[PDB]
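# Residue-level structure breakdown
Listed here are the chains, written in short residue letters.
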Amino acid sequence: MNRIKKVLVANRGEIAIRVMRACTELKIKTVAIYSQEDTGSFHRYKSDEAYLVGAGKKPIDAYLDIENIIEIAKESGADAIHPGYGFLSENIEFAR
Amino acid sequence: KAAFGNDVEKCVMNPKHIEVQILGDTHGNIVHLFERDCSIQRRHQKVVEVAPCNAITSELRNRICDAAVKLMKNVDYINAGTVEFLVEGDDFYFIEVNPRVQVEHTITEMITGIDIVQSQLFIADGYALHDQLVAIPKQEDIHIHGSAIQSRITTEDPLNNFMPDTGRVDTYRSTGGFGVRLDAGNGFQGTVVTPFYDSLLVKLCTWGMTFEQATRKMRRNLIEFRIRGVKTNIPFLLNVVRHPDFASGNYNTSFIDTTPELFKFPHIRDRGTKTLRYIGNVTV
Amino acid sequence: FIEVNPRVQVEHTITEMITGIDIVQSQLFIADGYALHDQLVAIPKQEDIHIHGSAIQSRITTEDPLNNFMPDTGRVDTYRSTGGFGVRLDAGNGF
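Note on numbering: residues are counted from 1 along each chain in the order of its written sequence, which can differ from the entry, and residues with no coordinates are hidden. Going through the entries in the order they are written, you letter the chains from A and number the ligands from 1. Working note: chains shown belong to a larger assembly, and all values are for the shown part only. Only hydrogens and water are removed before side-chain values are computed, so all heavy atoms of the structure are retained for them. Residues with missing side-chain atoms are left out of burial classes, side-chain pairs and their counts.

Looking at the method and resolution fields of the entry, one finds X-ray crystallography and 3.28 Å.

Here it is, written out as structure tokens:
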């Protein structure tokens, strides 16, 4: 696999995990993101790395902190971002 | 306004909700991975999703799929997405478009044989659909093997009107075997379910050469599951899967709601728990 | 030729996965006497039996390769299985 060496999974739960599984099957490093209320969710332990995202934010708002996520994406060295479904999956501003 | 930021079409009678999965590369190659039947819904919320749709004629299926392809080709669509359709008799009609992976993408994976999410990643790296590594065949070469049913075990309790129960899962024992896939969500022994996010514990899909075969495997699996600490929607799903109209394969959006029996649940005693109640009681 | 096993084998799973045919269900139908190609049994005519994909099976065991594969014993304090597309698990003494 060519120009993606590492990927960020801009989601939680079932869908987050499925992506990680895909990446790992393709030798691609994976990065997870978890809200304060999701320090426990096991999707965060299933990645190669993980960072808290929605700091002080309301729990749903936390996975939509677009800007934060990019900073996290940039600091991680993430070549790409997979938004899964729901949350920022369809959000234009983020896509742009 | 309450649901979204912002604040009309001809109503339809007893339609069948059909979606088509689409994959397109950066190199203008677009393919469809056939339909999925999400007609089983509660208050217009998807509950049990099945693919392929048994009750339509192949001629029709291809028409719908080709319709979806034509649309996504028209937009030069890239990566994975889904075109939804409503279907009555032999007339179908566009409904919406989802430019993303869908929850129910598993079943399509199971009948086509194509790993969608792996493909998503290859496409974002730009490879062509039909590259050696990506290994998606030419459309003519894409066929259906069997059928697959997916149901999502959640903490919605049907006695409490599907209020997502919360708490710690003291016991979580999953199932497996031939034609069973599990996609785990917040579903391991230790976990606590918060109410903040959605209720989903694990996605349970089963496959068979014939849908009648898959339904059997789904039945067994649902019974086999042992989850304790929280209420779940299993007893609801069992009733819908047991229902003979479901096994027929002819149902419509109005199939739930129209049938109240599904909401009546067997009054099951576990002799076992009550035995521990006694033993624990006299012990303290 | 080398041998013949008149039974289910451990590795029958993979054949199930490529053919699409539930072997053990079939075993039970046959013992009840139904014909292979009955409606209920739903095994197709040979000409109609094909290969979808390929499947690999491996058996996780307590044989420890550092200790020359002496089956380790004890209590399993943590067992976390996997899943996803194209994964089947047949559980043994594994909870």
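With that out of the way, let us pick up the overall build of chain C. Helix and strand assignments follow DSSP, with helices taken as H or I runs no shorter than four residues and strands as E runs no shorter than two, numbered in order from the N terminus. When helices and strands are counted, chain C shows two helices and two strands. Start at the N end of chain C and walk to the C end: the helices and strands fall as α-α-β-β. Radius of gyration (C-alpha) of chain C: 18 Å, far over the 12 Å computed for a compact globule of 95 residues. When the backbone C-alpha atoms are referred to their principal axes, chain C occupies close to 50 × 35 × 25 Å. Between the two quantities, the radius of gyration covers C-alpha atoms and the globule rule is 2.2 Å times the number of residues to the power 0.38.

What follows concerns the layout of surface pockets. Residues and elements named next belong to chain B. By volume, the second largest pocket is sized at about 930 Å³. Grid points spaced at 1 Å over the protein atoms alone were grouped into cavities, where a 1.4 Å probe fits but cannot get out, and pockets, open sets with protein on both sides within 12 Å along at least five of seven lines, with lining residues defined by an atom within 4 Å of a point. What lines the second largest pocket is a set of 23 residues, among which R228, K231, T232, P235 and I268 lie closest to the centre. No other element matches helix α5 (residues 234-242), which puts five residues into the lining of the second largest pocket. Here the term charged refers only to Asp, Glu, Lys and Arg, the term nonpolar to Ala, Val, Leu, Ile, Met, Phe, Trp, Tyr, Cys and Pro, and the term polar to all other amino acids, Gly among them. Within the lining of the second largest pocket, the residues separate by chemical class into 13 nonpolar, four polar and six charged. Grid points are joined across faces, edges and corners, and a volume is the space filled by probe spheres set on the points.

So, on to the interface of chain B and chain A. Interfaces are frequently sized by the accessible area removed from exposure as the parts join. When checking whether two residues touch, look at their non-hydrogen atoms; a contact exists if any pair is within 4.5 Å. On the side of chain A, 28 residues touch chain B, which itself brings 26 residues to the contact. Of all the elements in the fold, those that place two or more residues in the side of chain B that touches chain A are α2 (105-112), α3 (116-124) and β11 (180-184) of chain B. Ranked by residues supplied to the side of chain B that touches chain A, first place goes to α3 of chain B with six residues. Partitioning the side of chain B that touches chain A into residue classes produces twelve nonpolar, six polar and eight charged.

Turning to the sheet that holds strand β3 (residues 49-52) of chain A, a few remarks are in order. Residue and element names in this part refer to chain A. A strand pair is defined by DSSP finding two or more bridges across the two strands. Across the sheet, four strands lie side by side as β3-β2-β1-β4; this open sheet has parallel pairing. Looking at which strands have only one partner, the edges of the open sheet turn out to be β3 and β4 (80-82). Within the sheet, the average angular offset between the axes of one strand and its neighbour, ignoring direction, is 25°. Sheet analysis places strand β1 (residues 6-9) next to strand β2 (residues 29-34), joined by four bridges and oriented parallel. Paired with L8 across the strands is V31, a residue of β2. Interaxial angles span 0 to 180 degrees and are taken between N-to-C directions of axes, which are lines fitted to C-alpha atoms, for helices over the stretch in contact.

All names here are of chain B. Take the buried residues of types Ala, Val, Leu, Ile, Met, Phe, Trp, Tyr and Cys, join any two whose side-chain atoms come within 4.5 Å, and each joined set is a nonpolar core. Note on exposure labels: buried denotes an accessible area under 20% of the residue type's maximum, exposed denotes more than 50%, and partly exposed covers the range between, all computed with a 1.4 Å probe on protein chains only. Ranked by internal contacts, the top residues of the largest apolar core, which has 34 residues, are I40, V48, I153, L222, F225, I227 and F246. Elements supplying a minimum of two residues to this core: β3 (46-51), β6 (147-154), β11, β13 (200-208), α4 (211-224), α5 and α7 (255-258). The leading source of residues in this core is α5, at six residues. With near-sequence residues (within four places) excluded, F246 lies in contact with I40, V48, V50, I149, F211, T215, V240, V241 and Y251. In terms of nonpolar packing, the next biggest core, distinct from the first, is built from 26 residues, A80, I114, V117 and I136 among them.

Residues and elements named next belong to chain B. On the surface, a nonpolar cluster with roughly 450 Å² of combined accessible area is contributed by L276, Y278, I279 and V282. In this fold, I279 is placed in helix α8 (residues 271-283). Residue classification places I279 among the partly exposed residues on the basis of a relative accessible area of 46%. Each patch is built from residues lacking any salt bridge and having more than 30% relative accessible area; the joining distance is 9 Å for like charges and 5 Å for nonpolar side chains (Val, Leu, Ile, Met, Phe, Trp, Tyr). Per-residue accessibility takes into account occlusion by the displayed protein chains alone, with areas from the Shrake-Rupley method and a 1.4 Å probe. We define a salt bridge as a contact between a side-chain nitrogen of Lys or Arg and a carboxyl oxygen of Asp or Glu at a distance within 4 Å.

We now examine the packing of aromatic side chains. Residues and elements named next belong to chain B. Whether two aromatic rings pair depends on their centres lying within 6.5 Å, for rings of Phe, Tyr and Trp, where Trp uses its six-membered ring; planes under 30 degrees apart make the pair stacked, over 60 edge-to-face, and the rest tilted. Applying the stated criterion to the full structure yields 13 aromatic pairs over all chains. Note on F211 and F246: the rings are 5.5 Å apart at their centroids and 55° apart in plane angle, and the pair reads as tilted. Placement of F211 in helix α4 and of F246 in helix α6 (residues 244-248) is noted, with a sequence separation of 35 residues between them. Its relative accessible area of 6% is what places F211 among the buried residues. For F246, a relative accessible area of 0% puts it in the buried group.

Once that is clear, we can look at the sheet that holds strand β2 (residues 30-41) of chain B. All names here are of chain B. On the basis of which strands lie adjacent, the open sheet formed by eight strands has the order β5-β4-β1-β2-β3-β6-β13-β11 and antiparallel pairing. The strands lining the two open edges of the sheet, one partner per strand, are β5 (91-98) and β11. The average undirected angle you get between the axes of adjacent strands in this sheet is 25°. Note that β6 and β13 share eight bridges and pair antiparallel. Bridge assignment links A148 to a residue of β13, and that residue is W207.

Residues and elements named next belong to chain B. Within the element layout of this structure, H243 appears in the loop between α5 and α6. With relative accessibility at 19%, the residue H243 sits in the buried group. Discounting residues that sit within four places of it in the chain, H243 has contacts with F255, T259 and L262.

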